[PDB]
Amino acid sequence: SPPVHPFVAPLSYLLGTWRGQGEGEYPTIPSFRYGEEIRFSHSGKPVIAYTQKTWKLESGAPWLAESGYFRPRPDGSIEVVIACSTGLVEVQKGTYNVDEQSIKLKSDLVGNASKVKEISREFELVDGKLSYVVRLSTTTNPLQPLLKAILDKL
């Protein structure tokens, strides 16, 4: 109930809880589905808190989780910092587009994962639903899609 800070207001469409499912595929793995829930919340500051958890679609058993903070600026730039339950950290930097309701991020740092070279994350509201693509590049492989999901707002 504190007001959305003017710096966060252009991203106010994110605030709430989203739940849906994703798909992971990478040249290394065989392809898999997962349930996902993301919550974007705030406390009146110029940051949005992000928390996410995934689960195996059929058993319901908890899978992974991550959490962090989205820091939009009014020039349209944004940095996002994320810690993952696997022990990875990321600093993502990029831009947001108000007209298109999208966010395009590429990793400036991937921490504590030597096999990982870059991670990119793009969000886009499509038909009222929050969608994303995560791309990963490794010491083995080029930057390519890894995870895609579309989630409904609760």
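Residue indices: 1-based, along the sequence shown.
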| query | finding |
| --- | --- |
| Between 25-33 and 64-72 (mean CA B-factor, as deposited), the higher | 25-33 |
| Higher-B stretch (mean Cα B-factor, as the entry records it), 101-109 or 45-53 | 101-109 |
| Maximum C-alpha temperature factor, selected from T95, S59, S120, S85 | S59 |
| Residue of maximum C-alpha B factor among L130, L146, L15, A9, per deposited coordinates | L146 |
